[PDB]
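In structure tokens, the next block holds one chain alone, the form deposited in one PDB entry.
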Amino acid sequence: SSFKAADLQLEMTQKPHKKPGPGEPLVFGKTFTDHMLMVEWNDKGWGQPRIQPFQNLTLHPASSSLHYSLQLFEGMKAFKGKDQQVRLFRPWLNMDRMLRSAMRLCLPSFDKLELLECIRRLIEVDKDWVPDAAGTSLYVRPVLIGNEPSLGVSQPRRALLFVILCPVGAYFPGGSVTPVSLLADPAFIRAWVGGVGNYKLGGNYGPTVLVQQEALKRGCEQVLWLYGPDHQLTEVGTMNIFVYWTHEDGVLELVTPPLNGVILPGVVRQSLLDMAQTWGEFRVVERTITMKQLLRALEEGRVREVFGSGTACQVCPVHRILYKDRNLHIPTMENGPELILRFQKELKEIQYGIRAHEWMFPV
């Protein structure tokens, strides 16, 4: 059924593009690498995978990817250490999530490890594009779209899988943690139980653009997505949320919302849970967090740190939440931020190859 890496076609570029410098401030995903991966699917099966020069897609105007959002994507980073070795961070989890997303949209199944090997081969070809400066990396963007020339809402009989790469600079200006303010208004819903918010589908993102603009108009940087009558904290923009506090039972704990359907199962999210569990210094749980619980904890001075997690930012500190038109200062930066700095340090040691780990996949 699946495409094989052993069947890979190679077409090197004879028109190389200008590489960005470590000194020039880069915007997220605007400058791309020399090559891309492309695999075509039809009802008879997958075609042969190919590494070809970066080029535009040729799509039929009726392609189901453009009309009925038969599209999904992934996002992972490749890191270059001082010894020039490029490594991907827990890519197996991204491949797992990509296949789950594909099944939800009735898009073709593929072998997760064959796609991983094809992606490894692609990054190997564009190795010189992976930067080595502090906090920089190569963003990998796999995409699977429906491509049937039909206006009928049905299972695609044609599909296209492609992977593009882009060098990204340091998220924080310089190399120090800067906090974000969040708008928490229950009128905005990102996902729902029985919905598709737990899959990385394009459809979950388009509607967020206007809401993010509303957050900016109200003086906030990101949106704190609330869910249900009890105003459950779900996500911070397009990042998973973590709260480090002394809970109502008097125990020091790190909590993040559980995977009940409205939470996207983040790779960094899973890594922070795994890392903190291994330390065994405090309680680490997956449990629902409500605004009522957070309000009470803040007034009682029990909150230490609140942060967002994702591939783009790793660990993003939160200093303010605007809920029901009331400002809530989150003492994250006044508490170090001890845990965020510890997570940042240990993730960078694993990611840049200072410490050898099972989480890293060598390219």
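Whichever C-alpha set is largest while still superposing within 1.5 Å between the two forms counts as the rigid core. Only residues modelled in both forms are compared. Numbering starts at 1 and follows the sequence shown.
Another form, the form deposited in another entry, is not on view; read the next lines as being about it.
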Margin query: Core-aligned, between this form and the one not shown, one residue among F172, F282, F188, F162 moves its CA by 2 Å or more. Tell me which.
Written below: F172
Check: Fitting the rigid core first, would the Cα of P16 be found 2 Å or more away between this form and the one not shown?
Finding: no
Next item on the list: Could you tell me whether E349 and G174 have their C-alpha atoms closer or farther apart in that other deposited form than in the shown form, knowing the shift is 3 angstroms or more?
Entry: closer
Note to self: If the C-alpha spacing of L339 and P173 moves by 3 Å or more in that other deposited form, is that a move closer or farther apart?
What the structure shows: closer
Notebook entry, point to check: Can you list the runs of 3 or more residues whose CA atoms move by 2 Å or more between this form and the one not shown, with the rigid core superposed?
Noted result: 21-24, 172-176
